[PDB]
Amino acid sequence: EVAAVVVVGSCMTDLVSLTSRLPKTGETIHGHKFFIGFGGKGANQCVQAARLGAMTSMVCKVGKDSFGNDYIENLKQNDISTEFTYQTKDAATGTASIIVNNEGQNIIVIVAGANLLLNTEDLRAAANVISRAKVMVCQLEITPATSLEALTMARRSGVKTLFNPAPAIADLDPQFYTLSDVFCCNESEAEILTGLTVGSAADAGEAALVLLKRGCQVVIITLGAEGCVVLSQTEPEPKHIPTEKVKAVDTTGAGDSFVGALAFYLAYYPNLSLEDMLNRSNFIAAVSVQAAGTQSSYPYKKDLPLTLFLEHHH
């Protein structure tokens, strides 16, 4: 009956306008389509996990506005607990305004808004839900100090920590590394965090080694169509996990699918090998890249192969 995956992080409303050319300074242009979507890394990861069958709770803060009420309703529609989804008069729900041209190039303006007002007192009220969970998931779209306190609470209670340093900041508090049981980022994030170039999968292996030695138990670097790379303290040699080639329609939010799937497996299938979790997580994320719309492309359990939810005797 209790939540097994707890996500502390961000909800954002995505506001997207499609145009033929991007506008220059001082220009007014007309686009040909507008749409809304439910976004934010925290809520994206939570939604994927829930749709796989996880019992989830989303700890976040939105506005006391239309976007916020709508966000709450979106979480409820996906069977996510909103017990610790706070609303505040003091800021608008977080927004991501995105303008896209015909070649796929874009301009993006994020206003984090209510997400920055999720504070330490707000977490403390959730201590019980956090201590009874199997996994706690965080990112860097809320106040860093809040994510860091979340990771600390989870650790104190023996709860597994899954940390996604996204978007990445150059001079990240090293406590994030030592509080991370599983540290998962993409290629360009690994460039920012380590100062290294990441073109190939071999390069990603070297970057991942630097992050491992800063104190992470497990490091995973996602690589788009190349799948992912994993290292651990017990197995520090890079292990490249490729994925079956697919016609990518839209890769937006695929990383959040991957991480949400990974949370699902860490929580409900703790005995699987790590290599196995990542295969399944690749597969699920790859289903998401085959459809448009971020959260609306994340697959439900009922639409997936049944073997993704089986395990043999160990």
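Note that residue numbering follows the sequence shown and begins at 1. In this text, rigid core is short for the largest set of C-alphas that superpose within 1.5 Å between two forms.
- Once the rigid core is used to overlay the structures in 9 other deposited structures of this protein, the stretch among 104 to 112 and 203 to 211 whose CA atoms lie farther from this form is 104 to 112.
- Core-fitted comparison in 9 other deposited structures of this protein shows that, between 92 to 100 and 71 to 79, the CA atoms farther from the shown form belong to 92 to 100.
- The PDB entry records a higher mean C-alpha B factor for 278 to 286 than for its counterpart among 278 to 286 and 66 to 74.
- Set 230 to 238 against 173 to 181 and average the Cα temperature factors; 230 to 238 ends up higher.
- Within the listed group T197, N186, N119, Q87, the record reports its top CA B-factor for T197.
- The PDB entry gives the largest Cα B-factor of the residues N115, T146, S157, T95 to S157.
- Per the deposited record, the Cα B-factor of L211 falls in the highest third when ranked against the other modelled residues of its chain.
- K247 sits in the highest third of its chain by CA B factor, as recorded in the PDB entry.
- Sort the chain's modelled residues by C-alpha temperature factor and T25 lands in the highest third, per the entry.
- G293: CA B factor lies in the middle third for its chain, per the PDB record.
- The PDB entry assigns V7 a C-alpha temperature factor belonging to the lowest third of its chain's modelled residues.
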